[PDB]
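To begin, one chain is listed below as structure tokens, in the form deposited in one PDB entry.
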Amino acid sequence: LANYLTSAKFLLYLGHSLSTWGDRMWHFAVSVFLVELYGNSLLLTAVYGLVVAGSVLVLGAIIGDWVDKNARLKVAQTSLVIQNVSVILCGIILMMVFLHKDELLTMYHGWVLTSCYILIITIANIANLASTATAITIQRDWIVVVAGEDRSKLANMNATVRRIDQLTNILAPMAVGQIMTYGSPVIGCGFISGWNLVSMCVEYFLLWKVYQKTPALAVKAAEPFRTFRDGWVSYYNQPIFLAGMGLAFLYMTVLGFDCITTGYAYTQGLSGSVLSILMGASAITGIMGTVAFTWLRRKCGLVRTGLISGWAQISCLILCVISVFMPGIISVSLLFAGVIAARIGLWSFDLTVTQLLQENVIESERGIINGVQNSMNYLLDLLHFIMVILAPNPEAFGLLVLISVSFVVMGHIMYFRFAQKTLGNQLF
């Protein structure tokens, strides 16, 4: 309309779409670099996960207190520059070793095939730290200042951000796959480096624009281990604490669709009912869970939006539970009807808690409580990897669901204790 296309609400969807696309192409590239190395997805993939999770679990509160105490534009631009420079610097190494593979040049401990993995993981970890800083600042700060005082416009911005994430999580791997199989997987990596280089400048510009277009953003209000407990007791002294923990418990889940494609995904061929539809259906219930949020939130409010988005997830995971017992092939039918029909309650619950954290957390503590929620989210994602490794046998799976459904039911009791304490012990 040329009137909506220049709003600061749209130059934010755009600057977010570009960042998410860059991050996701680069994740699929690094996921195909882990095939020029140990072909297994258990040891080395889970160790990549452990490294990124540990890094953010440690530095979440320091990153948060850096987001607060400094500025709004310098923070966004520093984090943007850092992530895109680290992405091109990892893509260059990825290429310069994706060509010269299996050439041990020196015999000492700095040899190639392992210093390459160490360097890729360190630079990927810096990329992830920077992108977490950008997530904190942009979403939890600029969506709340841009959305003004409007509890139904902020709901729409949250659901919109999530829908962009959900469609990019599909379309970015397919684009980079057609590039990496069209010509070759070396020009692919060089291309993702170039893409990230140009979109760095584009997003630099878009952020500067959104800053000029809403003047409410220019208005601001053992030190490392000091500000690690000055952020983990604050996050505990908050009245909203019990919801941000009930959310963190939904991350220690093996039934998360991305991980079930690793183990217990055999006997089904690609493009028939797996990555063409079963990867494309979980992107439908991810849009169909963000449209239930904005709807339920009007009819029944933001605390009973989390209470129906909880007995929805729990009730569809009673399908993944009757599966492993099969009481009166079938079993793989249900387990995937559960993992997919329970993303309606998981993406609707993720959005209430995101919006409770947004309007109930003071502006001064807005980055600290939002770093310590990230750290809480990985601390439970870490204990997710610690459980897939040392328990990787096919026989030992019938239990990685029951102790992955129990952290769901235990994260929806820490919300039912939040609800019953906020709006009517006997009123619901």
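Each form is matched to the other, and the largest set of C-alpha atoms that superpose within 1.5 Å is called the rigid core. Throughout, we count residues from 1 along the sequence that is shown.
Just so it is clear, the following notes concern the form deposited in another entry, a form of the same protein that is not shown.
Given a rigid core superposition of the two forms, which one of 156, 262, 199, 358 has its CA shift by 2 angstroms or more between the shown form and the other one? After core superposition, the one over threshold is 262.
Exceeds or equals 2 Å, Cα of residue 299 between the shown form and the other one, core fit = Comparing the forms between the shown form and the other one, which are aligned on their rigid core, residue 299 does not shift its C-alpha by 2 Å or more.
Worksheet item: Comparing between the shown form and the other one on the rigid core, is the C-alpha shift at residue 136 2 Å or larger?
Response: Residue 136: C-alpha displaced by less than 2 Å between the shown form and the other one.
_Rigid core aligned, does the Cα position of residue 121 differ by 2 Å or more between the shown form and the other one?_
For residue 121, whose C-alpha is compared between the shown form and the other one after core superposition, the shift is 2 Å or more.
- What happens to the Cα distance from residue 346 to residue 43 in that other deposited form: does it get closer or farther than here, with a change of 3 angstroms or more? So the answer is farther.
Open item on the list: in that other deposited form, the Cα separation between residue 43 and residue 254 changes by 3 Å or more relative to the shown form; did it shrink or grow?
Closed with: Between the C-alphas of residue 254 and residue 43, the gap widens in that other deposited form (3 Å or more compared with this form).
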